[PDB]
> 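Supplied in structure tokens, the structure appears directly below.
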Amino acid sequence: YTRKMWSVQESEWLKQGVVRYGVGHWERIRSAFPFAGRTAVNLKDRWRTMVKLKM
DNA sequence: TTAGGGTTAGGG
DNA sequence: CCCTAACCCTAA
């Protein structure tokens, strides 16, 4: 498997998920948007990465 | 099922 | 290259 960078839209979905359902509600956020090929753990890790990059 | 530490691969 | 974002491991 070849790792896949996060698109701007995927990151934006995740940000709106945190707004709508709260940090740590990763499985609810995943089901609220058409994430294709991202697990709830993937979202948790991406959020950590976005926090560090200030997004 | 998520939090947090650890791992690795691919792009800057 | 080699650093770091995208991954993995696992307690609770």
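Because only heavy atoms are used, hydrogens play no part in the values below, and waters and symmetry mates are left out as well, while side chains stay in. Chain identifiers are assigned alphabetically (A, B, ...) following the order of the sequence lines, protein sequences preceding nucleic acid strands; residue numbering begins at 1 within each chain.
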> Base, sugar-phosphate, or nothing for A/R30, non-hydrogen atoms under 4.0 angstrom?
nothing
> Under 4.0 Å, heavy atoms only, any strand: does A/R48 hit a base, just the sugar-phosphate, or nothing?
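Since a base atom lies under 4.0 Å of A/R48, the category is base.
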> A/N42 CG to B/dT2 P: how many Å, rounded?
12 Å
> Quick one: do A/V8 and A/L14 end up in the same hydrophobic cluster if we chain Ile, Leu, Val, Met, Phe, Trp and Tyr together by side-chain heavy atoms under 4.5 Å apart?
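A/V8 does not cluster with A/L14.
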> Is any side-chain heavy atom of A/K52 closer than 4.5 Å to a side-chain heavy atom of A/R48?
no
> Between which nucleotides of DNA chain C, read 5' to 3', does contact with chain A run, using atoms under 4.0 Å from its heavy atoms?
C/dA5 to C/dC8
> Test for a donor-acceptor pair under 3.5 Å between the base of B/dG11 and the side chain of A/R3, counting only N and O atoms.
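There is none.
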> For B/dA3, does either OP1 or OP2 sit under 4.0 Å from a side-chain N or O belonging to A/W26?
yes
> So, taking the atom named CZ in A/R38 and the one named CD in A/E10, what distance separates them when rounded to the nearest 0.5 Å?
4.0 Å
> Which residues pass the side-chain hydrogen bond (donor to acceptor under 3.5 Å, both in side chains) test with A/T49, not counting sequence neighbours?
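Result, side-chain hydrogen bond (donor to acceptor under 3.5 Å, both in side chains) vs A/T49: none returned.
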> Please determine whether residues A/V23 and A/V41 belong to a single hydrophobic cluster, defined as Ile, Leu, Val, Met, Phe, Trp and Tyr linked transitively by side-chain heavy-atom distances below 4.5 Å.
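A/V23 and A/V41: separate clusters.
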> Give every donor-acceptor pair under 3.5 Å between a side-chain atom in residues 26-37 of chain A and any protein atom, sequence neighbours left out.
unit_1 : atom_1 : unit_2 : atom_2 : d
A/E27  : OE2    : A/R30  : NE     : 2.5
A/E27  : OE2    : A/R30  : NH2    : 2.9
A/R28  : NH1    : A/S31  : OG     : 3.3
A/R28  : NH2    : A/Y21  : OH     : 3.0
A/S31  : OG     : A/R28  : O      : 3.0

> Going by the sign of the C1'-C2'-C3'-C4' torsion, is the sugar of C/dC7 north or south?
north
> Taking the nucleotide of DNA chain C with the nearest heavy atom to each, does A/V41 or A/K52 sit closer to the 5' end?
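Its nearest nucleotide lies further toward 5', so the answer is A/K52.
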> Taking for each residue the nucleotide of DNA chain B bearing the nearest heavy atom, is the 5' side occupied by A/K4 or by A/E27?
A/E27
> If I take atom CG in residue A/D45 and atom P in nucleotide B/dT7, what distance separates them, rounded to the nearest angstrom?
14 Å
